[PDB]
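Take a look at the structure below.
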Amino acid sequence: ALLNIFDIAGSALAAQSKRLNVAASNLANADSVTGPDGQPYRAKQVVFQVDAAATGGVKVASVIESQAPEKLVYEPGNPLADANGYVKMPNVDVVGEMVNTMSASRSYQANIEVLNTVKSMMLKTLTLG
Amino acid sequence: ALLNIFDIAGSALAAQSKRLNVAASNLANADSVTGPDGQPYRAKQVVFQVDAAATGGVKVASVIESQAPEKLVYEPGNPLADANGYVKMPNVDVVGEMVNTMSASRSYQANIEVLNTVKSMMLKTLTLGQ
Amino acid sequence: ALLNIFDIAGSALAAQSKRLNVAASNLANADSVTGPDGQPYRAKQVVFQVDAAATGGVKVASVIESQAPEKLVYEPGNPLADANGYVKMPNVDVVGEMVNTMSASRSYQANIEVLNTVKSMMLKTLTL
Amino acid sequence: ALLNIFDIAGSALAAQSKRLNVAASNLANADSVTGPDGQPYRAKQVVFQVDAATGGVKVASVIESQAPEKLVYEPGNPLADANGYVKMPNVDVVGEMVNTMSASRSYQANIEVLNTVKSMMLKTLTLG
Amino acid sequence: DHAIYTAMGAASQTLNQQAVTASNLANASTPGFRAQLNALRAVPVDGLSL
Amino acid sequence: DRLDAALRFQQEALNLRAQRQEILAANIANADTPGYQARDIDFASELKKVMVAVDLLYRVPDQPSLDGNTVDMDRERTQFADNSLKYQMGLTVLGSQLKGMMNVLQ
Amino acid sequence: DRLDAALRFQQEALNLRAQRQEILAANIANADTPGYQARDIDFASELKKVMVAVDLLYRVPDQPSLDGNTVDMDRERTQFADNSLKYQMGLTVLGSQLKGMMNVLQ
Amino acid sequence: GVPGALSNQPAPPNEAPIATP
Amino acid sequence: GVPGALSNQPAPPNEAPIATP
Amino acid sequence: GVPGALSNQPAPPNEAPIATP
């Protein structure tokens, strides 16, 4: 029916927007520490799944904390220092986050171009007569 | 909302500017003494926190004074000298402040680049509304 | 209510250019022993104002000489010296002028970008 | 008239190009000691005028600046006068280093003016 | 735009004053010599406004 | 009538966005004048009141300054970009709605 | 002749915009000529006179200059941009009016 | 409250006393 | 009047006297 | 005659002798 492409592309745009938002939040809070209630901030990633209802678009199942090793900085002169005087720093890779941002932007632009092309084709079908 | 990206980036920029201003003030007051009302100058730091709206922007709750001991310098000729003839010079880590300034500048540039890219994407988004 | 943006930005540009000119003049005449009439050179600076007919652009009211006391050096073998052999020299802060130039340039760039964006939006408005 | 912009900006471009060439020639000959017939090199300048109300800018002529030659003492030289003072060009360096930048900026500004005017003329070409 | 001209003029006059000082230094052994003093004079231009 | 009611909300949103843009331009142009307070308007409340002159209120200062000025450049730039993008979106929505209303007549 | 006058208002507005654009271009081109006086016209009064042979006024200088040049740069550049935008606005208004007049005869 | 929000009243004027009164 | 406005008669010549007579 | 105009006479060649003979 060519109309389900709108749903597929909308799901893709939502997934890419959420991925970009998560990457931007990680970049912003890369240097942040001591989140609310004292637990240090942990880098978060998304998971993409296929919204089969055969083949279909992409949705985001949930958000999961990365299990990369958590950095430590030796600073006894800080109330957050542990028994060994280590303050916990989140495991954020700036290069990885920037690459994720760029890839998300490119995919978002490609999907909106797909949407425009399908819109033009459907208008042509409307004006077939 | 696809628009909280601007809020997150703006909060990050404001926090980095605050931290850089604190570092610059400490560098300016590295070798000061006897501030207002005679109390010795003490260095200050900032604490970053995340706004759990999940994922959120960064904020600075308050500026916290350093608990590192002040430098005690023997100089009885100063009226601030105690019974031991000591004056309290502020504790400023010059290398620490330089590193903090470098980190603040790098984070600021990264955030401005992210803002540039997202602004381009959002400008390109509206072309499908016609 | 969108054609006043050009006026506001132009006023900001003019004010920043005037401030930059004043800073450049101070830097040039940092070591001027005397002027035409004979009085020692005195540092000058602008006084901004809010150009509201309510808020609007910035506007330079006038130019005033700094009230800080001018420096004076000892030089008896100079006809400009007074009865005590002191000749007056201008009180200019070179670092102050430098940072004034930096801030003026940055504000100039910011206003240019604002004007460019507003011009683009105005241009695209006509495509209604 | 919107067609006159083309031959106004072309006049501006030609005048700025002549000014830049004069500045470059002076910089090149800043240290040349003689000409083809023993005449010392002299700094040259252009004369700007309005075409005429008001119109484009035309280079009236090119004139050698009337300033004393910064003569130097080289007694063992054929070009030396009776006192052994040969004549050298009276060309500074800051003057030309600033003239080149000013001419380039004016050239670029007139290029921008011509671009904008051509764009709006082409837009007017499809009225309705 | 004209703020460039005052700065370039200041630079040129500084170069001239440097030339004067160099000329003073060059003849540091000529008998019966008198040194050349130097100073900078401000020359404001009185236009219409500001 | 009906035609004006179909477009009143979008037109008023466009007008309020333009006014807020002017306010942001003014308080970014006055970034150096001491004693000048940052200004802005509450967009949601203003739009709801107008759909049911212009009220403006001071901004909460970010960091103190000796001169007295209370404008933050990065915050103003982010607000400027957001308002510009939302104005563009409102213009696009209005244009599409008018195009559809025109197209319905054929 | 009714059509003549109805389009004549906008046609004269466009013509005066073109003249002002030409004068702005002239004082941009002659921006470095010593002994030059900045020239401009008053659009509103000029249009009123034409509706009811063009005189030009000397722009008020802002800063002194030894070489006798009074044509500023920033103010006239903003004027150039504003005049170009208003010329385009007048052009599109005239085009819309002409197209609306034309499509009735279809 | 939070910096960058909207307030109905201006902040008190700033001052930097060199010496306490 | 205000800089940047329009006026009927031109600006007076600008001079830079090295020394006032 | 005026630069930039049109004249049916081609311009004479330009030469730059090092020294006058």
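By convention in this document, the chains of the structure tokens carry letters A, B, ... by their order, each chain's residues are numbered from 1, and ligands are numbered from 1 in the order they are shown.
Running DSSP on the backbone and keeping only strand (DSSP E), the residues of chain A that qualify are residues 44, 45, 46, 47, 48, 49, 50, 58, 59, 60, 61, 62, 63, 64, 65, 71, 72, 73, 74, 86, 87, 88 and 89 of chain A.
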Exercise for the section: Mind checking which residues fall within 12 Å of residue 21 of chain I, counting only C-alpha atoms, ignoring those fewer than 5 positions away in the same chain, and posting them as a PyMOL selection string? Expected result: chain C and resi 36-38
Generate the output file for the selected residues, C-alpha atoms, as a short mmCIF file (atom, residue, chain, number, x, y, z; two decimals), in the first residue's frame.
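Below is the file part-v4.cif, written as the result:
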```cif
data_model
loop_
_atom_site.label_atom_id
_atom_site.label_comp_id
_atom_site.auth_asym_id
_atom_site.auth_seq_id
_atom_site.Cartn_x
_atom_site.Cartn_y
_atom_site.Cartn_z
CA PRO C 36 48.25 70.65 20.42
CA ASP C 37 47.35 73.27 23.02
CA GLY C 38 49.86 72.00 25.58
#
```
Problem - Shell around residue 36 of chain F at 10 Å using only C-alpha atoms, local window under 6 positions removed, as a PyMOL selection string - result: (chain C and resi 49-50+55) or (chain F and resi 27+30+67-71)
At a cut-off of 12 Å, can you tabulate as a Markdown table every residue of segment 33-92 of chain B near segment 9-17 of chain B together with its closest atom pair and the distance in Å to one decimal, using only C-alpha atoms and ordering rows by chain then number?
```
| residue | atom | partner | partner_atom | distance |
| --- | --- | --- | --- | --- |
| B:46 | CA | B:15 | CA | 9.2 |
| B:47 | CA | B:15 | CA | 9.6 |
| B:48 | CA | B:15 | CA | 7.8 |
| B:49 | CA | B:15 | CA | 9.9 |
| B:50 | CA | B:11 | CA | 10.2 |
| B:51 | CA | B:11 | CA | 10.2 |
| B:56 | CA | B:11 | CA | 9.6 |
| B:57 | CA | B:11 | CA | 6.0 |
| B:58 | CA | B:12 | CA | 5.8 |
| B:59 | CA | B:15 | CA | 6.2 |
| B:60 | CA | B:15 | CA | 6.5 |
| B:61 | CA | B:15 | CA | 10.2 |
| B:62 | CA | B:15 | CA | 11.3 |
| B:63 | CA | B:15 | CA | 11.7 |
```
Long-range neighbours of segment 81-90 of chain A as a PDB file with C-alpha atoms, in the first residue's frame, 9 Å cut-off, only C-alpha atoms, 6 positions minimum in chain:
```pdb
ATOM      1  CA  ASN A  29      27.870  14.344  31.701  1.00  0.00           C
ATOM      2  CA  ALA A  30      31.243  12.847  30.737  1.00  0.00           C
ATOM      3  CA  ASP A  31      32.984  14.810  33.499  1.00  0.00           C
ATOM      4  CA  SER A  32      30.040  14.687  35.918  1.00  0.00           C
ATOM      5  CA  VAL A  33      30.320  12.830  39.224  1.00  0.00           C
ATOM      6  CA  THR A  34      28.226  12.089  42.328  1.00  0.00           C
ATOM      7  CA  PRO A  40      28.146   7.979  40.322  1.00  0.00           C
ATOM      8  CA  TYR A  41      26.860   8.502  36.801  1.00  0.00           C
ATOM      9  CA  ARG A  42      27.159   5.520  34.454  1.00  0.00           C
ATOM     10  CA  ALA A  43      27.343   5.687  30.668  1.00  0.00           C
ATOM     11  CA  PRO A  69      35.411  -0.563  33.607  1.00  0.00           C
ATOM     12  CA  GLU A  70      34.646   2.507  35.708  1.00  0.00           C
ATOM     13  CA  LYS A  71      37.457   5.034  35.981  1.00  0.00           C
ATOM     14  CA  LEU A  72      39.032   6.100  39.266  1.00  0.00           C
ATOM     15  CA  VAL A  73      40.852   9.296  40.246  1.00  0.00           C
ATOM     16  CA  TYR A  74      43.062   9.475  43.336  1.00  0.00           C
ATOM     17  CA  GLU A  75      41.833  12.489  45.323  1.00  0.00           C
TER      18      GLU A  75
END
```
Problem - After fitting chain J to chain H over every Cα pair taken in order, the RMSD - result: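 That gives an RMSD of 0.5 Å.
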Pose of chain F fitted onto chain G, C-alpha LSQ, given as a CSV table (one decimal) with N, CA and C atoms, in the first residue's frame:
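Dumped everything to out.csv:
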```
chain,number,residue,atom,x,y,z
F,1,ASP,N,-5.4,54.5,-15.9
F,1,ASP,CA,-6.8,54.4,-15.4
F,1,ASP,C,-6.9,53.7,-14.1
F,2,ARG,N,-7.9,52.9,-14.0
F,2,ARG,CA,-8.1,52.1,-12.7
F,2,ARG,C,-7.0,51.1,-12.6
F,3,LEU,N,-6.6,50.4,-13.7
F,3,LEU,CA,-5.5,49.4,-13.6
F,3,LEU,C,-4.2,50.0,-13.2
F,4,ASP,N,-3.9,51.2,-13.7
F,4,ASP,CA,-2.6,51.9,-13.4
F,4,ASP,C,-2.7,52.4,-11.9
F,5,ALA,N,-3.9,52.9,-11.5
F,5,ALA,CA,-4.0,53.4,-10.1
F,5,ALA,C,-3.9,52.3,-9.1
F,6,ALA,N,-4.3,51.1,-9.4
F,6,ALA,CA,-4.2,50.0,-8.5
F,6,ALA,C,-2.8,49.6,-8.2
F,7,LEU,N,-1.9,49.9,-9.1
F,7,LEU,CA,-0.5,49.4,-9.0
F,7,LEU,C,0.5,50.6,-8.9
F,8,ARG,N,0.0,51.8,-9.0
F,8,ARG,CA,0.9,53.0,-9.0
F,8,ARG,C,1.8,53.0,-7.7
F,9,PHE,N,1.2,52.8,-6.5
F,9,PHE,CA,1.9,52.9,-5.3
F,9,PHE,C,3.0,51.9,-5.2
F,10,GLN,N,2.7,50.6,-5.5
F,10,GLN,CA,3.7,49.6,-5.4
F,10,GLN,C,4.8,49.8,-6.4
F,11,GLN,N,4.5,50.2,-7.6
F,11,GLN,CA,5.5,50.4,-8.7
F,11,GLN,C,6.4,51.6,-8.2
F,12,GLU,N,5.8,52.7,-7.7
F,12,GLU,CA,6.7,53.8,-7.3
F,12,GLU,C,7.5,53.4,-6.1
F,13,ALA,N,7.0,52.6,-5.1
F,13,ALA,CA,7.8,52.1,-4.0
F,13,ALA,C,9.0,51.3,-4.5
F,14,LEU,N,8.7,50.4,-5.5
F,14,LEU,CA,9.8,49.6,-6.1
F,14,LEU,C,10.9,50.5,-6.7
F,15,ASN,N,10.4,51.5,-7.5
F,15,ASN,CA,11.4,52.4,-8.2
F,15,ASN,C,12.2,53.2,-7.2
F,16,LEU,N,11.6,53.7,-6.1
F,16,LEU,CA,12.3,54.5,-5.1
F,16,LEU,C,13.3,53.6,-4.4
F,17,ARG,N,12.9,52.3,-4.1
F,17,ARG,CA,13.8,51.4,-3.5
F,17,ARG,C,15.0,51.1,-4.4
F,18,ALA,N,14.8,51.0,-5.7
F,18,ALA,CA,15.9,50.8,-6.6
F,18,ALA,C,16.9,52.0,-6.6
F,19,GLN,N,16.3,53.2,-6.6
F,19,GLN,CA,17.1,54.4,-6.6
F,19,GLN,C,17.9,54.5,-5.3
F,20,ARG,N,17.3,54.2,-4.1
F,20,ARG,CA,18.0,54.3,-2.9
F,20,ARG,C,19.1,53.2,-2.8
F,21,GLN,N,18.9,52.0,-3.4
F,21,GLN,CA,19.9,51.0,-3.5
F,21,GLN,C,21.1,51.5,-4.3
F,22,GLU,N,20.8,52.2,-5.4
F,22,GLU,CA,21.9,52.8,-6.2
F,22,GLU,C,22.7,53.8,-5.4
F,23,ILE,N,22.0,54.6,-4.7
F,23,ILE,CA,22.7,55.6,-3.8
F,23,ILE,C,23.6,54.9,-2.8
F,24,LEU,N,23.1,53.9,-2.2
F,24,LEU,CA,23.9,53.2,-1.2
F,24,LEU,C,25.1,52.5,-1.8
F,25,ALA,N,24.9,51.9,-3.0
F,25,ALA,CA,26.0,51.3,-3.7
F,25,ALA,C,27.1,52.3,-4.0
F,26,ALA,N,26.7,53.5,-4.5
F,26,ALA,CA,27.6,54.6,-4.8
F,26,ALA,C,28.4,55.0,-3.6
F,27,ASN,N,27.7,55.3,-2.5
F,27,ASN,CA,28.4,55.8,-1.3
F,27,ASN,C,29.1,54.7,-0.5
F,28,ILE,N,28.9,53.4,-0.9
F,28,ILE,CA,29.8,52.4,-0.3
F,28,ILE,C,30.9,52.1,-1.2
F,29,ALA,N,30.8,52.4,-2.5
F,29,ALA,CA,32.0,52.3,-3.4
F,29,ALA,C,32.9,53.4,-3.2
F,30,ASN,N,32.5,54.6,-2.9
F,30,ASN,CA,33.4,55.8,-2.6
F,30,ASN,C,33.9,55.8,-1.2
F,31,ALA,N,34.0,54.7,-0.6
F,31,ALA,CA,34.4,54.6,0.9
F,31,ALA,C,35.8,55.1,1.2
F,32,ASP,N,36.7,55.2,0.2
F,32,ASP,CA,38.0,55.6,0.4
F,32,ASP,C,38.4,57.0,-0.2
F,33,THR,N,37.5,57.6,-0.9
F,33,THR,CA,37.9,58.9,-1.5
F,33,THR,C,37.7,60.0,-0.5
F,34,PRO,N,38.8,60.7,-0.1
F,34,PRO,CA,38.6,61.8,0.8
F,34,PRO,C,37.8,63.0,0.3
F,35,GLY,N,37.1,63.7,1.1
F,35,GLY,CA,36.3,64.8,0.8
F,35,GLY,C,35.0,64.4,0.2
F,36,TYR,N,34.6,63.2,0.2
F,36,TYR,CA,33.3,62.7,-0.4
F,36,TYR,C,32.3,62.6,0.8
F,37,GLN,N,31.2,63.2,0.6
F,37,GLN,CA,30.1,63.2,1.6
F,37,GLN,C,29.1,62.0,1.4
F,38,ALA,N,28.7,61.4,2.4
F,38,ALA,CA,27.7,60.3,2.3
F,38,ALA,C,26.4,60.9,1.8
F,39,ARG,N,25.7,60.1,1.0
F,39,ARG,CA,24.4,60.6,0.5
F,39,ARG,C,23.3,59.5,0.7
F,40,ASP,N,22.1,60.0,0.8
F,40,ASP,CA,20.9,59.1,1.0
F,40,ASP,C,19.7,60.0,0.8
F,41,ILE,N,18.5,59.4,0.7
F,41,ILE,CA,17.3,60.1,0.5
F,41,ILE,C,16.3,59.7,1.6
F,42,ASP,N,15.3,60.6,1.8
F,42,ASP,CA,14.3,60.4,2.8
F,42,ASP,C,13.2,59.7,2.1
F,43,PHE,N,13.1,58.4,2.4
F,43,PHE,CA,12.2,57.5,1.6
F,43,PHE,C,10.8,57.8,1.7
F,44,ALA,N,10.3,58.0,3.0
F,44,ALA,CA,8.9,58.3,3.2
F,44,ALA,C,8.4,59.6,2.5
F,45,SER,N,9.2,60.6,2.7
F,45,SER,CA,8.8,61.9,2.1
F,45,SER,C,8.9,61.8,0.6
F,46,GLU,N,9.9,61.1,0.0
F,46,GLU,CA,10.0,61.0,-1.4
F,46,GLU,C,8.8,60.2,-2.0
F,47,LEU,N,8.4,59.1,-1.3
F,47,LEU,CA,7.3,58.3,-1.8
F,47,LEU,C,6.0,59.1,-1.7
F,48,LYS,N,5.8,59.8,-0.6
F,48,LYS,CA,4.6,60.6,-0.5
F,48,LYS,C,4.5,61.7,-1.5
F,49,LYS,N,5.6,62.4,-1.8
F,49,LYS,CA,5.6,63.4,-2.8
F,49,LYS,C,5.4,62.8,-4.2
F,50,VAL,N,6.0,61.7,-4.5
F,50,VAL,CA,5.8,61.1,-5.8
F,50,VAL,C,4.4,60.6,-6.0
F,51,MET,N,3.8,60.0,-5.0
F,51,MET,CA,2.4,59.6,-5.1
F,51,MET,C,1.4,60.7,-5.1
F,52,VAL,N,1.8,61.8,-4.5
F,52,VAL,CA,0.9,63.0,-4.6
F,52,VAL,C,1.1,63.7,-6.0
F,53,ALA,N,14.1,66.0,-10.5
F,53,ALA,CA,14.6,64.6,-10.4
F,53,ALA,C,14.3,64.0,-9.1
F,54,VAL,N,15.4,63.6,-8.4
F,54,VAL,CA,15.2,63.0,-7.0
F,54,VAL,C,16.0,63.8,-6.0
F,55,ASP,N,15.3,64.1,-4.9
F,55,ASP,CA,16.0,64.9,-3.9
F,55,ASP,C,16.8,64.0,-2.9
F,56,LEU,N,18.0,64.4,-2.7
F,56,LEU,CA,18.9,63.7,-1.8
F,56,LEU,C,19.6,64.6,-0.9
F,57,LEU,N,20.0,64.1,0.3
F,57,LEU,CA,20.6,65.0,1.3
F,57,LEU,C,21.7,64.2,2.0
F,58,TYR,N,22.6,65.0,2.6
F,58,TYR,CA,23.8,64.4,3.2
F,58,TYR,C,23.4,63.7,4.5
F,59,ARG,N,24.3,62.7,4.9
F,59,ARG,CA,24.1,61.9,6.1
F,59,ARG,C,24.9,62.6,7.2
F,60,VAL,N,24.4,62.5,8.4
F,60,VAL,CA,25.0,63.0,9.6
F,60,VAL,C,26.3,62.1,9.9
F,61,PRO,N,27.5,62.7,9.9
F,61,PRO,CA,28.7,62.0,10.2
F,61,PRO,C,28.7,61.3,11.5
F,62,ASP,N,29.3,60.1,11.6
F,62,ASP,CA,29.4,59.3,12.8
F,62,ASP,C,30.7,59.6,13.6
F,63,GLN,N,31.8,59.5,13.0
F,63,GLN,CA,33.1,59.8,13.6
F,63,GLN,C,34.0,60.6,12.7
F,64,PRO,N,34.7,61.5,13.2
F,64,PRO,CA,35.6,62.3,12.3
F,64,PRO,C,36.8,61.6,11.8
F,65,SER,N,37.2,62.0,10.6
F,65,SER,CA,38.4,61.4,10.0
F,65,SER,C,39.2,62.6,9.4
F,66,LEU,N,40.6,62.4,9.4
F,66,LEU,CA,41.4,63.5,8.9
F,66,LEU,C,41.3,63.8,7.4
F,67,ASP,N,41.1,62.7,6.6
F,67,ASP,CA,41.0,62.9,5.2
F,67,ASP,C,39.8,63.7,4.8
F,68,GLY,N,38.7,63.4,5.5
F,68,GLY,CA,37.4,64.1,5.2
F,68,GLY,C,36.2,63.2,4.9
F,69,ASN,N,36.5,61.9,4.7
F,69,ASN,CA,35.4,61.0,4.3
F,69,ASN,C,34.5,60.8,5.5
F,70,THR,N,33.2,60.6,5.3
F,70,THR,CA,32.2,60.5,6.3
F,70,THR,C,31.3,59.3,6.1
F,71,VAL,N,31.8,58.2,5.7
F,71,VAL,CA,30.9,57.0,5.5
F,71,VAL,C,31.3,55.9,6.5
F,72,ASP,N,30.2,55.3,7.1
F,72,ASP,CA,30.4,54.3,8.1
F,72,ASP,C,30.0,52.9,7.5
F,73,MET,N,30.9,52.0,7.5
F,73,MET,CA,30.7,50.7,6.8
F,73,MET,C,29.5,49.9,7.4
F,74,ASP,N,29.5,49.8,8.7
F,74,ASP,CA,28.4,48.9,9.3
F,74,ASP,C,27.1,49.6,9.1
F,75,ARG,N,27.0,50.9,9.2
F,75,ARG,CA,25.7,51.6,9.0
F,75,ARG,C,25.3,51.4,7.5
F,76,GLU,N,26.2,51.6,6.6
F,76,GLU,CA,25.8,51.4,5.2
F,76,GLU,C,25.4,50.0,4.9
F,77,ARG,N,26.1,49.0,5.5
F,77,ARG,CA,25.7,47.6,5.3
F,77,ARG,C,24.3,47.3,5.8
F,78,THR,N,24.0,47.8,7.0
F,78,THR,CA,22.7,47.6,7.6
F,78,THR,C,21.6,48.2,6.7
F,79,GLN,N,21.8,49.5,6.2
F,79,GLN,CA,20.9,50.1,5.4
F,79,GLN,C,20.7,49.4,4.1
F,80,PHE,N,21.8,48.9,3.5
F,80,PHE,CA,21.8,48.1,2.3
F,80,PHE,C,20.9,46.8,2.5
F,81,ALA,N,21.1,46.1,3.6
F,81,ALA,CA,20.3,44.9,3.8
F,81,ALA,C,18.8,45.2,4.0
F,82,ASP,N,18.5,46.3,4.7
F,82,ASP,CA,17.1,46.7,4.9
F,82,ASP,C,16.5,47.0,3.6
F,83,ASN,N,17.1,47.9,2.8
F,83,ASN,CA,16.5,48.3,1.5
F,83,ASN,C,16.4,47.1,0.6
F,84,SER,N,17.3,46.2,0.6
F,84,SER,CA,17.2,45.0,-0.3
F,84,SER,C,16.0,44.1,0.1
F,85,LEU,N,15.9,43.9,1.4
F,85,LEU,CA,14.7,43.1,1.9
F,85,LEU,C,13.4,43.8,1.6
F,86,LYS,N,13.3,45.1,1.8
F,86,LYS,CA,12.1,45.8,1.5
F,86,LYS,C,11.8,45.8,0.0
F,87,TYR,N,12.8,45.9,-0.8
F,87,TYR,CA,12.6,45.8,-2.3
F,87,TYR,C,12.1,44.4,-2.6
F,88,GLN,N,12.6,43.4,-2.0
F,88,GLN,CA,12.1,42.0,-2.3
F,88,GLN,C,10.7,41.9,-1.9
F,89,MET,N,10.3,42.5,-0.7
F,89,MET,CA,8.9,42.4,-0.3
F,89,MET,C,8.0,43.1,-1.2
F,90,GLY,N,8.4,44.3,-1.7
F,90,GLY,CA,7.6,45.0,-2.6
F,90,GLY,C,7.4,44.3,-3.9
F,91,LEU,N,8.4,43.7,-4.4
F,91,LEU,CA,8.3,42.8,-5.6
F,91,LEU,C,7.4,41.7,-5.4
F,92,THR,N,7.4,41.0,-4.2
F,92,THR,CA,6.5,39.9,-3.9
F,92,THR,C,5.1,40.4,-3.9
F,93,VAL,N,4.8,41.5,-3.2
F,93,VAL,CA,3.5,42.1,-3.2
F,93,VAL,C,3.0,42.4,-4.5
F,94,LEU,N,3.8,43.0,-5.4
F,94,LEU,CA,3.3,43.4,-6.7
F,94,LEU,C,3.0,42.1,-7.5
F,95,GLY,N,3.9,41.1,-7.4
F,95,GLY,CA,3.7,39.9,-8.1
F,95,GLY,C,2.4,39.2,-7.7
F,96,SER,N,2.1,39.1,-6.4
F,96,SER,CA,0.9,38.5,-5.9
F,96,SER,C,-0.3,39.3,-6.4
F,97,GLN,N,-0.3,40.6,-6.3
F,97,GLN,CA,-1.4,41.4,-6.8
F,97,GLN,C,-1.7,41.2,-8.3
F,98,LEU,N,-0.6,41.2,-9.1
F,98,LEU,CA,-0.8,40.9,-10.5
F,98,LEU,C,-1.3,39.5,-10.8
F,99,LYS,N,-0.9,38.5,-10.0
F,99,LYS,CA,-1.4,37.1,-10.1
F,99,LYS,C,-2.8,37.1,-9.8
F,100,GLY,N,-3.3,37.8,-8.8
F,100,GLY,CA,-4.7,37.8,-8.4
F,100,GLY,C,-5.5,38.5,-9.5
F,101,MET,N,-5.0,39.6,-10.0
F,101,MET,CA,-5.7,40.3,-11.1
F,101,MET,C,-5.8,39.4,-12.4
F,102,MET,N,-4.8,38.6,-12.6
F,102,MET,CA,-4.9,37.7,-13.8
F,102,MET,C,-5.8,36.6,-13.5
F,103,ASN,N,-5.8,36.0,-12.3
F,103,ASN,CA,-6.7,34.9,-11.9
F,103,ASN,C,-8.2,35.3,-11.9
F,104,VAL,N,-8.5,36.6,-11.7
F,104,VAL,CA,-9.9,37.0,-11.7
F,104,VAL,C,-10.5,36.9,-13.0
F,105,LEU,N,-9.7,36.7,-14.1
F,105,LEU,CA,-10.3,36.6,-15.5
F,105,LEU,C,-10.6,35.2,-15.9
F,106,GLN,N,-10.7,34.3,-15.0
F,106,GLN,CA,-11.1,32.9,-15.3
F,106,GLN,C,-12.2,32.4,-14.4
```
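When atom CA of residue 123 of chain A is paired with atom CA of residue 123 of chain C, their separation reads 28.4 Å.
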Practice task
One decimal, Å: what's the distance from atom CA of residue 108 of chain C over to atom CA of residue 13 of chain C, could you say?
Solution key: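 We find that atom CA of residue 108 of chain C and atom CA of residue 13 of chain C lie 6.0 Å from each other.
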Contacts of chain H with chain B up to 10 Å, shortest pair per row, only C-alpha atoms, as a tab-separated table:
```
residue	atom	partner	partner_atom	distance
H:2	CA	B:61	CA	9.4
H:3	CA	B:14	CA	9.7
H:4	CA	B:11	CA	9.5
H:16	CA	B:36	CA	9.9
H:17	CA	B:36	CA	7.8
H:18	CA	B:36	CA	6.8
H:19	CA	B:36	CA	5.5
H:20	CA	B:37	CA	5.9
H:21	CA	B:37	CA	9.2
```
Exercise for the section: Enumerate as a PyMOL selection string all residues of chain A assigned to helix (DSSP H, G or I) by DSSP on the backbone, naming them with the chain letters and numbers the document uses. Expected result: chain A and resi 4-28+36-38+94-126
Could you give me, as a Markdown table, every chain D residue with an atom at most 12 Å from chain J, plus its closest atom pair and distance in Å to one decimal, counting only C-alpha atoms, rows ordered by chain then number?
```
| residue | atom | partner | partner_atom | distance |
| --- | --- | --- | --- | --- |
| D:7 | CA | J:4 | CA | 10.6 |
| D:10 | CA | J:4 | CA | 10.0 |
| D:11 | CA | J:4 | CA | 9.4 |
| D:14 | CA | J:4 | CA | 9.4 |
| D:15 | CA | J:3 | CA | 11.2 |
| D:18 | CA | J:3 | CA | 11.9 |
| D:34 | CA | J:19 | CA | 10.6 |
| D:35 | CA | J:19 | CA | 8.2 |
| D:36 | CA | J:19 | CA | 4.6 |
| D:37 | CA | J:20 | CA | 6.5 |
| D:38 | CA | J:19 | CA | 9.5 |
| D:39 | CA | J:19 | CA | 11.5 |
| D:58 | CA | J:3 | CA | 9.7 |
| D:59 | CA | J:3 | CA | 9.8 |
| D:60 | CA | J:2 | CA | 10.3 |
| D:61 | CA | J:3 | CA | 11.4 |
```
Completion exercise
Computed gap from atom CA of residue 2 of chain C to atom CA of residue 5 of chain B is 27.2 Å
Handout entry: Option closest in space to chain C, from B:24, B:33, B:123, B:43 [counting only C-alpha atoms]
Key =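 Using only C-alpha atoms, chain C sits closest to B:123.
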